Ligand code: HEM
Ligand code: HEM
Ligand SMILES: [Co+2]
Ligand SMILES: [Co+2]
Ligand SMILES: [O]
Ligand SMILES: [O]
């Protein structure tokens, strides 16, 4: 896992990328295609390109390089924002509060019941099943952080 | 994982909680402590409450109810926002493009290389280490989806 300052280092350098995404995208695919030419074979519109000069001249490769870094940028920013909220929760529940995963199952059961009983119109079998799965994802994320810190519970 | 409609149910359902989070929180915690009393003994500020009467009467149990459901709401929203960008990318690259994990390593190395080259000033040893881990987490997320869909990456 990444520390708070590491995630901030990644967002910090990604700001520099987004400021000239067209050029960065170009260089990254040329770096890919020259270093590992088997990768060029997946791209119908590019596999004809033989040299760095032809690849730099390809408007298609330029535009796809931007499509790739735009998508990556968005996914890393989303990953970082999930971690900024998950990490301190996991940290405190592990080391200070000392809450076994089982107890998080208990509170998950409670959340489902209170929701069924207070908002049954908005909480059918399908929503109840959706909310059940979402709370399992939340506990598995805490659980994957508990193993990292070596918290036994 | 969950379908777009499932997440939308969870998010709809969450809306009805945010209308009265104080009350919802209070009942979840009271339902938790009555059902499983060992959970009350992790709260050094609530373990003096013996009855449901004392518990409904606690200003701070109620305020802690709001803290729990707020944080849980926040984290599930960020979880869903990450998935919504991971899923389509994993889908297309597994089923249509058929891109093995190995190739995602190559493009990861290329991004790191071009950032070392073009932006040393925002990309020293620590920042490079940070990005290396961040792209590892990205590949793992993709690899986890590859398993679900049956694609051998
Ligand atoms: C960080 C890594 C990557 C990102 C963020 C990324 C992102 C994308 C995006 C957004 C698309 C267009 C929408 C889509 O089809 O899903 C795309 C298309 C594609 N990607 Fe990737 N990709 C990555 C790595 C790779 C690698 C390593 C390869 C091949 C070696 C690859 C091959 C392709 C191909 C063939 C297409 C279709 C191109 C076309 O039809 O014009 N991707 N990629
Ligand atoms: C959905 C599940 C849970 C969420 C979202 C959650 C969230 C939080 C938050 C945001 C805090 C305050 C910040 C912090 O210290 O980390 C907190 C504190 C705490 N949580 Fe949790 N929690 C959950 C489940 C549990 C369970 C099951 C227990 C115990 C059985 C527990 C015990 C505590 C304790 C003891 C504190 C310290 C309270 C104090 O001294 O004032 N949590 N929780
Ligand atoms: Co999560
Ligand atoms: Co991710
Ligand atoms: O790509
Ligand atoms: O909590």
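Note that chain A carries Swiss-Prot numbering, so the residues on display, from first to last, are 2-154.
Placed from the backbone N, Cα and C atoms, the Cβ positions cover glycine too.
According to Swiss-Prot, the protein has these features:
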- A:4: phosphoserine (MOD_RES)
- A:65: nitrite binding site (BINDING)
- A:65: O2 binding site (BINDING)
- A:94: heme b binding site (BINDING)
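On the structure: features taken from Swiss-Prot.
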residue: A:4; record: phosphoserine; DSSP class: coil
residue: A:65; record: nitrite binding site; DSSP class: helix
residue: A:94; record: heme b binding site; DSSP class: helix
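Fewest Cβ neighbours within 10 Å among the recorded positions A:4, A:65, A:94: this applies to A:4. On a Cα basis, residue A:4 (phosphoserine) lies 32 Å away from the residue listed as 'nitrite binding site'. Rounded to a whole value, the Cα-Cα separation of residue A:4 (phosphoserine) and residue A:94 (heme b binding site) is 17 Å.
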